[PDB]
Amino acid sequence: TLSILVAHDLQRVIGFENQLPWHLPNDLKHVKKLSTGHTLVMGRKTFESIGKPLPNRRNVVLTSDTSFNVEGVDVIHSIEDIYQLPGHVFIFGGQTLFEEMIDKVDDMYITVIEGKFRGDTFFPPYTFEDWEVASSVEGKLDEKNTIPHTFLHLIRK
């Protein structure tokens, strides 16, 4: 299975200055639950924002840089290499990879952050005409999680 995994706001903002625009611990938990034991594919800038590979899953970084070789990270140099990866593969970001892959993936795990943030990077537009809502779950708010959010699993029609 090839899936997108993304958090985007009401206007599809996903990033600002190579960081997440919001702080939302429950969404990190969400990512942890979905991707532990599986594979994340991410663009080079996304990897650099994190700085080190995420624990307990395969980290794959797409870059044109043949000098790229990071401990704990597998490198690919082409989109076509993604299709060779075994198991459940999550396209993890950022804007450029999402734009390249949204017409290719089987499904999308989207956390809709229900606010309007300043962004410089965006998830591409999509229509529910092409995507069935497998599930939609309102996130729980508390002291540590103060922005409303919804977990969507969308499957290509």
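Note that residue numbering follows the sequence shown and begins at 1.
Look at the mean CA B-factor for 115 to 123 and for 42 to 50 in the entry; the higher one is 42 to 50. Looking at mean Cα B-factors across 84 to 92 and 97 to 105, the upper value is held by 84 to 92. Annotation for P148: CA B-factor lies in the lowest third of the chain's modelled residues. Ranked within its chain, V61 lands in the middle third, by CA B factor from the PDB record. In the deposited entry, the Cα temperature factor of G15 sits in the bottom third of values across the chain's modelled residues. Sort the modelled residues of the chain by CA B factor and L34 lands in the middle third.
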